[PDB]
Amino acid sequence: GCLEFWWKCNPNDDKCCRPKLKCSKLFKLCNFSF
């Protein structure tokens, strides 16, 4: 997609493209779903 897991993201553009990826508050990066 645009950016894989780990690869930090932003709440304005977002980099999490994976169906399970999403800017998590864990460390401000595309965290998994599991």
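All residue numbers given for chain A refer to Swiss-Prot; the residues shown span 47-80 in order.
Going by what the header records, the deposited coordinates were determined by solution NMR.
Just so it is clear, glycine is given a Cβ too, placed from its N, Cα and C backbone atoms.
The disulfide bond annotation in Swiss-Prot covers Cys48-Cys63 (among others) and is backed by experimental evidence. Residues near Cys63 (disulfide bond) in space but far in sequence (CB under 8 A, at least 6 apart, same chain), listed by position: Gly47, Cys48, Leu49.
Note on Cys55 (disulfide bond): other Cβ atoms within 10 Å of its Cβ, all shown chains, come to 21. DSSP assigns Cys55 (disulfide bond) to coil in the three-state reduction, placing it in neither a helix nor a strand. The disulfide bond annotation in Swiss-Prot covers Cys55-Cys69 (among others) and is backed by experimental evidence.
All chains included, 22 other C-beta atoms sit within 10 angstroms of the C-beta of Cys62 (disulfide bond). The disulfide bond annotation in Swiss-Prot covers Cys62-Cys76 (among others), and the record cites experimental evidence as its basis.
The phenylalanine amide annotation in Swiss-Prot covers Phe80 and rests on experimental evidence. Listed in sequence order, the residues of the same chain lying 6 or more apart from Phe80 (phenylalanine amide) and placing their CB within less than 8 Å of its CB are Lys66. In the three-state DSSP classification, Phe80 (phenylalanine amide) falls within coil.
Here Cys76 (disulfide bond) comes close to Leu49, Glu50, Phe51, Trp52, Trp53, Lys54, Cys55, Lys61, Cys62, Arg64, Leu67, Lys68, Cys69, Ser70: these same-chain residues lie at least six apart in sequence, with C-beta atoms under 8 angstroms from its C-beta. Annotation note: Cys62 (disulfide bond) sits in a strand segment as assigned by DSSP. For the recorded site, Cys48 (disulfide bond), the DSSP three-state label reads coil.
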